[PDB]
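Let's start with one chain on its own, the form deposited in one PDB entry, as structure tokens.
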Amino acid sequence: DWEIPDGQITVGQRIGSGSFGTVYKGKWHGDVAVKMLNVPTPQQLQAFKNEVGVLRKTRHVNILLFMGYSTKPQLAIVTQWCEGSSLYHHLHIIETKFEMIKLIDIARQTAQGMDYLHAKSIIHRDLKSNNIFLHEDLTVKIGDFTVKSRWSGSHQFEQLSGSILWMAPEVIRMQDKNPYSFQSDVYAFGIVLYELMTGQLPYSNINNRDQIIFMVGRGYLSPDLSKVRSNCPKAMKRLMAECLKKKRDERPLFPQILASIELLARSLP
């Protein structure tokens, strides 16, 4: 049982809305985060039931800690509160210059988290620097949390509405009814590795969203790995390429990926 009875959760400042509901800072045996829907439709109830149903299966330090939910008086999910920013914020907005050892550490922790989810047969489906939080700018927390991010104009009448830089080629073309897989999450992680080592989003030379969608889809685009830092290990550049392979089955799984990163971690001056 994880149901939090009514009147315990003290809701505070609103911080955002996200894809579903509204997210506030809270108090419940200390600071918390509260994702709340205010009304409930059968599709809203199914989203809630599924979101709790995934989170309740995760006990890992690099996954965002679920703490409990509220059925009455309204639908709500309570997670830990974290002081810090998303990886996206650090790298692209305020443009933090992390040391190479810390960039590899962030990569290692993200791999640890993704490996755990895949071991539990959980496909994230929307991994990206936005959904990697740095708790005290130190510890990676993977979740599902955007702010005029590159393509500011609304994609209301477009097919692909969400974030396309992290989507694998098979996920863009959508030839299968469900093209999401463990290898689709590996490609997304591949782009996160690119962000860490370049300090930049991929396809910077191109300014047409639709052209990136098309070209990544038909395999004419993959990120320019020469843009990495000079003290980036060759072993990382090789791993990055394996993660971003256009063909699905040629991409490795996180057990091998995490192994490769922990190896090159030990040997760097």
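By rigid core we mean the largest C-alpha set that fits within 1.5 Å across both forms. The first residue of the sequence shown is number 1, and the count goes up from there.
In at least one third of the other compared structures of this protein with flanking residues present, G18 is left unmodelled. Coordinates are given for every residue of the deposited sequence from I206 through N207, so that no gap is recorded there. Unmodelled stretch separating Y187 from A188: none (count of deposited-sequence residues without coordinates). Looking at mean Cα B-factors across 233 to 241 and 214 to 222, the upper value is held by 233 to 241.
106 to 114 and 153 to 161 differ in mean CA B-factor, and the higher of the two is recorded for 153 to 161. The entry lists C-alpha B-factors for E170, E195, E136, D126, and the highest of these is at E136.
The maximum CA B-factor among the listed residues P40, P202, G30, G53, taken from the PDB record, is found at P40. Among the modelled residues of the chain, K97 sits in the highest third by CA temperature factor in this PDB entry. Per the PDB record, residue ranking by Cα B-factor puts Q80 in the lowest third of the chain. Annotation for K141: CA B-factor lies in the lowest third of the chain's modelled residues. Per the PDB record, residue ranking by Cα B-factor puts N130 in the lowest third of the chain. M174: CA B factor in the highest third of modelled residues in this chain (values from the PDB entry).
There is another form of the same protein, the form deposited with a partner chain bound; it is not shown, and what comes next is about it.
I164 is the sole member of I104, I77, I164, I142 with a non-hydrogen atom within 4.5 Å of its partner chain in the entry with it bound. Within 4.5 Å of any heavy atom of its partner chain in the entry with it bound lies no heavy atom of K237.
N130 belongs to the set of residues with a heavy atom inside 4.5 Å of its partner chain in the entry with it bound. Although the partner is absent here, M100 is not a contact residue: none of its heavy atoms lies within 4.5 angstroms of its partner chain in the entry with it bound. In the entry with it bound, its partner chain sits within 4.5 Å of a heavy atom of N208.
Looking at CA displacements between the shown form and the other one with the core superposed, a shift of 2 Å or more is confined, among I212, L64, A33, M240, to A33. Core-superposed comparison between the shown form and the other one: the C-alpha position of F48 differs by no less than 2 Å.
Relative to the superposed rigid core, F98 undergoes a CA displacement smaller than 2 Å between the shown form and the other one. Relative to the superposed core, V78 undergoes a Cα shift of 2 Å or more between the shown form and the other one.
In the entry with it bound, the CA atoms of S86 and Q46 sit farther apart than in the displayed form, by at least 3 angstroms.
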